[PDB]
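>
Structure (structure tokens):
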């Protein structure tokens, strides 16, 4: 098929000439007649675009290498002694035991109960009699 | 009356499940066909091994395969006097067709039973097809020359098991009594067996004789009359050979059963006298990128077999070729190391290289649909062609097929030839858009410009097409037009910009100042121009990637060049910059601005100053 | 080594270029420093040779340097009674400062000629400084034990060339005759030269005599007056040494001309006789990350030079500490092996390291300025400290400085003790964060959660820190904690991951199948891991860049390697992957998966293969 013009053109952003391989295989095919080397380049036109909407996203943070500021300082003094030699005595992995990191979170609970009853006694009194 | 109402069959992957598609063949008799094809390769092994030990004949020189038939028990008995099969060739192969664990390469290490895919390509086809019409297949074989008591009994009714037992047979070769099902009497009727045998036996050199039994009172005359022409397909006259006898001979010599798209039966005499008969498969072999052969040519010297699947007669670029070659001049004592080292086989395979060229070029002009099948199976292989031989790259470029804008399909139906017919008046330049990914070819904006002016484009979207691009700078005296840059040719011509007018630029001026002082000296300059596209930010460059390749350019400061810091340009109208302009808040203002920055840098470098600056802002606007 | 063929002009600042600029020093007489420097070390090398054979004194028991001046001829001749310089020690030394081809370590292997820069650090400064006051420099040496006939000649006018030849010099030692420039007669005046002798020689061990001759009519009186005290700085009274002598003697033994931050002159007398003299440099030496030596101290035994660059007395922890140690206790015939293994020399190194502790811990309180300069140049290597010795871990943690969210500066000034005061109520845990680059990590706004909570977090952007911290699990009772991530990914055992277990995996198995078939071979393997996190997906690595730097890790294919194709593991629980699983549409399904692919890939590579595709995705989904 061919869409009117010819070209089923689609989305666009930028362009690059592909390359990664040049030394490969051995040598054995047809014959000697070496001449197919003559390239060309050129560009002079720009067209419009039809992409304009607004959808909604789902808010959540992002992890990676992290460093930054706050604005705070204070100090101490005590201890001080040194003797080592880079060899492999305390060259090993571990890091951390257990910690907090309890900054903030949004907890959503849900639970329901109606339930009812009725029950009552009655007051039954006794008759009295008097005489002269 | 029948009434073919509805259809539907879609199945791919795994050789065995693809075998079951043409197992039926609309014939059934494909079983007898393939059975004798193994008896031909048994006759081949025999005549090779006879060069090392003539005792194999056992005195009896009559090498033939005989088909006898019975109505009472309902048994079709095919018995050749070939090499037969040893205890090894039965247990270590027929057992590996049954339950063992060949899988696709091997169950355990993926190497030991690697060389069973070649063996299933031949014997595996005849196995299941036999059991389609046979209730029981009893194979009673014996290796020629080798001791009669090491003869092998084999029995199966089609289950994943085999009853193997050592028996005695003084007769050499293989004797297979297929107990056919009641109803399969056709393969036991004389006239039917005549037509069936001849159809394939004519491609076979080995005389396929039949039980012509006359069962008359007293005169029960058993005679064996050959139904085949009894002549090897390469040495007999091409006039006597029909097109199907070629297609059928392929299935034998390729250890396969598919229909070949085309072939080339040429004889060449002189100093190097050979008779060549090459073919083109309709399938991509399993072992195409494996260290074992599924390509190759069966070596015959002076009509005698030496070795099968010998890829030593064919360059690695021409690995798509399948067939054989009978050299009458080559040594009969020849081996695979002689074929790899000796100059005679180098000149011989180069003499076969041209037979490939004619066969492909013909198929290209004759039937481009069959050549399209070839190309989508063997494209990557022929892509090495223009990348090695750039001398004849124009000639190979006629064979080269690329995907183009002519369709939005990934089908490489359009040729450089097709494009020559598609060429516009004055067009000396074939427009190329290159990418190592199909979706990256479809990420090209230059397409819309070609769409408006009406000129055709190649969508290069393959891995090894970039290797041929190092050489394929011209075809047919016509250079290519590479989309390598967008340039300042449109400098003062930037008026055709939808509605990005001075009204917007009055509101841009505070935005310009804020962005230039936000970024500072990590960018050369932030210029607000009117590039439309779907890209909200794009950069301008002076020289080679601004200045990332030259002498003076690195003589500016040395470290990455200061000038190299690209000119940060934005589209005021595009919704990304427009939504960035809606946000005056510094935290999110810098979120958008520095995002669009490292986006544009990523376009003109592929690498960033800070990947994490970008990836924070990118994924954050996607998520929050 | 046999070099040649190396044509590549790319050298700037690195050692030699930085030397020439400050070898001027605005001083000129800096030449006279380096001349006597070479004369002192020469006589001290003769002391070393004398230990190996006393006959190498050539009959001279009194080793000293004698400056003489010819006012008329304008030639200043500084001739020492040192070892001199052997023929090869002239050619492969002065010749490599003029014309040879040393590159940096060696143009060929990058190892053999690595002891060129050791010589250029001192004699290359002396070379340039000489030709500032001198038109012509003519060197005439004769080495110790080598006969007068094997005297050596070297000559240069300051060009990129030299004249080496064999002459006769009956005197042993070195003779540097500088023909001064026309007008430079300043350094021909006796009173001038003697003032410049005392100014430098005062901090130098070698007696420096001057030619005091009375050349009157008929009267050729000749005498020599030593202007120098003729005693070593280290062996002379500490209070008799001035600050300027320490600073300039640093420059001598450091093969440099910059000022030291601080020093410590000590002597230890009694059972073990050794004088110690340590200096803290202001600038990181070039050898800081290089395989040849300038780290360590100069070994002297009883005011006799044994070897320079002796890092046997100082660990890699204190490799930057440059100075010297003289011992009248240790043997004269002490070996480089004895320096490593001997207990007496272990007590040397142990006391010296503890003496640098006393210097550093003082310097923190003495000048936080100079200590902050120190840590930002030298603290990278010092940071091995705790993570080699667990016994003193707390006491090394008292010397350890890191960065923290105290300030957005990359200056690592804040100690752990600081953090202990800086801890809040119920903030028992030391919050830390390791990173690849400070600028990269700083671009993350996630830390604003800790900002408003009012917690401070340790900023770590070193190389070796991630290893060191593995033992730095606790300081002052306060245990360290990673806020890198924690969630339900393990919660009880595995599957407690919201609810993404077997029920999810019923839909995830055909999902993995689709993705791996979609990408074909673009990726190694794709999994659905249940690491909840706030990131959509992550790629995993085997070694460096996955496999783009090792033997087997290149010997797989030979191109960019199949191993280097990253392992793509997504979280099926994440809302973006919920939407990617909700997508049945082919183009959008693949687009979501490949988005998270090139997302994680760009996080681990800093580079994309085809950027435009991934950019077009974010452009389209954000423009909508």
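Chains as they are written, first to last, in PDB author numbering: chain C, 1 to 132; chain A, 1 to 624; chain B, 1 to 624.
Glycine included, every Cβ here is placed at the ideal spot set by N, Cα and C.
Could you give the C-beta distance for residue 124 (chain B) and residue 97 (chain B), rounded to a whole number, given that I count them as a contact under 8 Å?
With 8 Å as the limit, residue 124 (chain B) and residue 97 (chain B) qualify as a contact, their Cβ atoms being about 5 Å apart.
> Who are residue 223 (chain A)'s beta bridge partners in DSSP?
BP columns for residue 223 (chain A) point to A:212.
> Which word fits residue 183 (chain B), buried or exposed, when buried means at least 16 other C-beta atoms lie within 10 angstroms of its C-beta?
Counting Cβ neighbours within 10 Å, residue 183 (chain B) comes out exposed, since fewer than 16 surround it.
> In chain order, what residues of the same chain lie with their CB nearer than 7 Å to the CB of residue 463 (chain A), ignoring the 5 residues before and after it?
Contacts found: 436.
> What separation, rounded to the nearest whole angstrom, lies between the Cα atoms of residue 400 (chain B) and residue 79 (chain C)?
Cα to Cα, residue 400 (chain B) sits roughly 12 Å from residue 79 (chain C).
> Distance, Cα to Cα, residue 51 (chain B) vs residue 328 (chain B)?
When rounded, the distance between both Cα atoms is 14 Å.
> Is residue 298 (chain B) near residue 285 (chain B), with beta carbons less than 8 Å apart?
Not in contact: residue 298 (chain B) and residue 285 (chain B) (Cβ atoms no closer than 8 Å).
> Counting only runs of 4+ residues fully inside the region 344-415 of chain B, write out the alpha helix (DSSP H) ranges in chain order.
The region 344-415 of chain B contains these whole alpha helix (DSSP H) runs: 368-382, 385-388 and 393-397.
> Taking a cut of 7 Å between CB atoms, which residues from the region 519-535 of chain A lie near chain C?
Answer in chain order: 531, 532, 533, 534 and 535.
> Counting only beta-carbon atoms, is residue 207 (chain B) nearer than 8 Å to chain C?
No, its Cβ sits nowhere closer than 8 Å to a Cβ of chain C.
> With DSSP as the reference, label residue 300 (chain B) as helix, strand or coil.
Note: residue 300 (chain B) maps to strand in three-state DSSP.
> Should residue 86 (chain C) be flagged as near chain B, meaning a C-beta pair shorter than 8 Å?
Judged by the 8 Å Cβ criterion, residue 86 (chain C) is in contact with chain B.
> Give the interface partners of residue 443 (chain B) over in chain A, defined as CB-CB distance under 7 Å, in chain order.
The contacting residues are 610, 612, 613 and 616.
> Quick test of your reading: residue 519 (chain A) and residue 618 (chain B), contact by CB under 8 Å. State the CB separation rounded to the nearest angstrom.
Actually they do not touch by this definition, with Cβ atoms about 20 Å apart.
> List, in order along the chain, the chain C residues whose C-beta lies closer than 7 Å to that of residue 315 (chain B)?
The answer, in chain order, is 84, 85 and 86.
> At the level of alpha carbons, what is the spacing between residue 118 (chain C) and residue 110 (chain C)?
Rounded to whole angstroms, residue 118 (chain C) to residue 110 (chain C) spans 28 Å at the Cα level.
> Quick test of your reading: residue 372 (chain B) and residue 403 (chain B), contact by CB under 8 Å. State the CB separation rounded to the nearest angstrom.
Between residue 403 (chain B) and residue 372 (chain B) the Cβ distance is about 12 Å, and since that is not below 8 Å, they are no contact.
> Starting from residue 466 (chain A), find everything on chain C with Cβ-Cβ shorter than 7 Å and list it in chain order.
Chain C residues near residue 466 (chain A): 18, 19, 20 and 21.
> Compare the C-beta of residue 607 (chain B) against all C-beta atoms of chain A and say whether one is closer than 8 Å.
Yes, residue 607 (chain B) lies at the interface with chain A (some Cβ there is under 8 Å from its Cβ).
> What's the gap between the Cα of residue 502 (chain A) and the Cα of residue 579 (chain A)?
Distance between the alpha carbons of residue 502 (chain A) and residue 579 (chain A) is about 19 Å.
> Using 8 Å as the limit for Cβ to Cβ distance, is residue 296 (chain B) near chain C?
Chain C, which has no Cβ nearer than 8 Å to the Cβ of residue 296 (chain B), makes this no.
> Would you identify the three-state DSSP class for residue 466 (chain B), choosing helix, strand or coil?
If DSSP states are grouped into helix, strand and coil, residue 466 (chain B) belongs with the helices.
> Could you list the residues in the region 102-121 of chain C with a C-beta less than 8 Å from some C-beta on chain B, going in chain order?
Listed by position, the residues of the region 102-121 of chain C near chain B (Cβ gap below 8 Å) are 103 and 104.
> Could you tell me which chain A residues have their CB closer than 9 Å to the CB of residue 488 (chain B), listed as they occur along the chain?
Near residue 488 (chain B) there are no residues of chain A at all, since even the closest Cβ is about 19 Å away, more than 9 Å.
> Determine the extent of the beta strand (DSSP E) in which residue 154 (chain B) is found, giving its start and end residues.
Residue 154 (chain B) -> beta strand (DSSP E) spans 151-156.
> Once the 5 residues before and after residue 266 (chain B) are set aside, which same chain residues still bring their CB inside 6 Å of it?
Answer for residue 266 (chain B): 276, listed in chain order.
> Is it buried or exposed for residue 591 (chain A), if we count other Cβ within 10 angstroms and need 16 for buried?
Answer is buried; the Cβ neighbour count reaches 16.
> Please tell me whether residue 446 (chain A) has its Cβ less than 8 Å away from any Cβ of chain B.
No - not a single Cβ of chain B is within 8 Å of the one on residue 446 (chain A).
> Expressed to the nearest angstrom, what Euclidean distance is found between the alpha-carbon atoms of residue 566 (chain A) and residue 13 (chain C)?
Near 17 Å, if we compare the C-alpha coordinates of residue 13 (chain C) and residue 566 (chain A).
> With distances taken from CA atoms, which of A:357, A:417 and A:420 is nearest residue 392 (chain A)?
Nearest option by C-alpha distance: A:357.
> Residue 126 (chain B) to residue 543 (chain A), Cα distance in whole Å?
Answer to the nearest angstrom: the Cα atoms are 44 Å apart.
> Provide the residue(s) that pair with residue 481 (chain B) in DSSP beta bridges, ordered along the chain.
Bridge partners of residue 481 (chain B): B:431.
> For residue 228 (chain B) and residue 33 (chain B), what's the separation of their Cα atoms in angstroms?
Cα to Cα, residue 228 (chain B) sits roughly 13 Å from residue 33 (chain B).
> Going by alpha carbons, who is nearest to residue 530 (chain B) out of B:149, B:225 and B:486?
Selected option, being the one with the closest Cα: B:486.
> Looking at chain C, is there any beta carbon in it that lies within less than 8 Å of the beta carbon of residue 469 (chain B)?
It does: the Cβ of residue 469 (chain B) has a partner Cβ on chain C nearer than 8 Å.
> Under 9 Å Cβ-Cβ, which residues of chain A neighbour residue 47 (chain C)?
Simply 445, 448, 449, 451, 452, 496, 532 and 533.
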